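There is one chain below, alone, in structure tokens, taken in the form deposited in one PDB entry.
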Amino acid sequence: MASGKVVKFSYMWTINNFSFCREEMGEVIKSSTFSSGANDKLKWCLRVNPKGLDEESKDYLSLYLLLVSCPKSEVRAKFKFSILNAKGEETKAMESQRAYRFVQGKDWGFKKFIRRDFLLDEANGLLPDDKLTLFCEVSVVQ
């Protein structure tokens, strides 16, 4: 009897050609699925809205962590989203400070994660070669 699992992990997502993206307000980009947890059965993805979700967030990129599937009724997890700048460092980090309750099909995240004009201003180095690199660190409650 020994058992183990991945309880905390960071997913690096790069969106190529961020400018020439076809999505407008309220339209989504889903990342590929990534696994964690007992038996590799927690299935997660990221959901971004490049030009915001709604009226309150029209000037922003919206960023969410989605629990696609899980075996029990819930997963309690903390999360943190950040951006990889051109000098290779993590910036603009925001965390959920406590754990959030995830069910299969439920997401949690930041409707106003960052201003599009900040992101598009090339004195911030956040879009080198027009590639947007996002980081999501997820920490699952045991």
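For the two forms, the rigid core is made up of the largest set of C-alpha atoms that agree within 1.5 Å on superposition. We number the residues from 1 along the sequence you see.
Task: Gap at residue 37 across at least one third of the other PDB entries - done: Yes; at least one third of the other entries leave residue 37 out.
Task: 59 to 67 or 83 to 91, whichever carries the higher mean Cα B-factor - done: Averaged over C-alpha atoms, the B-factors run higher in 83 to 91.
Task: Residue range whose averaged C-alpha B-factor is higher in the record, 23 to 31 or 112 to 120 - done: Per the PDB record, 23 to 31.
- [ ] Name the third of the chain's ranked CA B-factors that contains residue 10, choosing lowest, middle or highest.
- [x] For residue 10, the deposited C-alpha B-factor lands in the lowest third.
- [ ] Using the B-factor values recorded in the entry, state whether the Cα atom of residue 132 falls in the lowest, middle or highest third among the modelled residues of its chain.
- [x] CA B-factor rank for residue 132: middle third.
Task: Third of the chain's Cα B-factor distribution that residue 48 belongs to, per the entry - done: Middle third by C-alpha B-factor.
Open item on the list: Split into thirds by Cα B-factor across the chain's modelled residues, where does residue 2 land: lowest, middle or highest?
Closed with: Answer is highest: the recorded C-alpha B-factor places it there.
Form deposited in another entry: not shown, discussed below.
Open item on the list: Is the shift of residue 23 between this form and the one not shown large enough to count as movement, that is, does its C-alpha move by 2 Å or more after the core is superposed?
Closed with: Yes: residue 23 shifts by at least 2 Å between this form and the one not shown.
Open item on the list: Quick check: residue 37 between this form and the one not shown - does its CA shift reach 2 Å or more after fitting the rigid core?
Closed with: Shift at residue 37: 2 Å or more after core fit.
Open item on the list: Relative to what's shown here, the Cα pair residue 25 and residue 11 differs by 3 Å or more in the other entry. Does it come closer or drift farther?
Closed with: Nearer in the other entry, by 3 Å or more.
Task: Distance direction in the other entry for the C-alpha atoms of residue 26 and residue 29, relative to the displayed form (3 angstroms or more) - done: Nearer in the other entry, by 3 Å or more.
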